[PDB]
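Shown here is one chain on its own, the form deposited in one PDB entry, set out as structure tokens.
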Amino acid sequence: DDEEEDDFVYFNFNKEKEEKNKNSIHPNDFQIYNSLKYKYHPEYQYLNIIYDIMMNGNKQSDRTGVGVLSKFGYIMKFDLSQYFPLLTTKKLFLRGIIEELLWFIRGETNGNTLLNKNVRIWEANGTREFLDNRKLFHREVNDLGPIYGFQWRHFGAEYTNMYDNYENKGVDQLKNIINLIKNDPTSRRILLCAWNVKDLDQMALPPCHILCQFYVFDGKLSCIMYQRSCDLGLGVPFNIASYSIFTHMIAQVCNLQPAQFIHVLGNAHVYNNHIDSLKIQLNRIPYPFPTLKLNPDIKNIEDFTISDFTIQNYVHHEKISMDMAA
């Protein structure tokens, strides 16, 4: 019985005695997080990764002078049939990310459209100074280039400017993956890819969300999204919501029920400036997730409007500003 128990110790003979930056993170600190015996709430898939990066992340310095702790390769899975994975250990807002999604679906690359709705997710990426530093001297302010929307609806088309009528130009992948899901569900080529190698330098910035791959089984839809770069403290929380919402949308217009949203993280990092906030967050106990309700009449991916989305029973801890600087 204990026979094989000591064997466990022998197999761990070459292991590092203490966690790497434990010295810098400090445990009395995560004392509620470590006091939990069973953490089966899905939000822990996210929280455990924050803990893992903090304790074993590699110190790296962006070419900005900014600092981060990073790891490579993680995977989170959320059962959209049981809950909507909107983090509860801090307050999250969704109007902006839903509008961004609707904007992608329209195929837009016009930064002004979002700004006029006070969605500033892409604002910094469209300034005169940011485009010039990207060597986009001939790009108009807020014209983000052939990004997401352009690639989703016109991959391969020659980008001109954000106002051009690209009707019927390039490959409408959005339309294609939907048709594949409806007619050929067992296909292993249902991918929506935004990483167009030919157009990268023309984009305000390369896409963080590389692609989405879909899987269909017994009338149920699952989605895997591969993220090449992940800001754990600020971006990922929204990333999980966006793609979970997208999954429901694609699922409903194809008359399938959503199953799992599978998040694959490539370069997963935590900015040093977020550490204090994240430590606080790690000690909060998650509340039961809320649910997402889509207007059931929408049957075309292009007919969704902001009023068609509703988050129900969202119970959460108070907001935290990752950067406590001001």
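Here the rigid core means the biggest group of C-alpha atoms that line up within 1.5 Å when the two forms are laid on top of each other. Numbering starts at 1 and runs along the sequence shown.
One more form of this protein should be noted, the form deposited in another entry, which is absent from this view; the next part is about it.
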Does superposing the core leave residue 302 with a CA shift of 2 Å or more between the shown form and the other one?
no
Using a rigid core superposition, assess whether residue 31 undergoes a CA shift of 2 Å or more between the shown form and the other one.
no
Quick one: in that other deposited form, is the Cα gap between residue 60 and residue 22 smaller or bigger than here? Answer closer or farther; it shifts by 3 Å or more.
closer
How does the CA gap of residue 20 and residue 236 change in that other deposited form versus this form, closer or farther, if it moves 3 angstroms or more?
farther
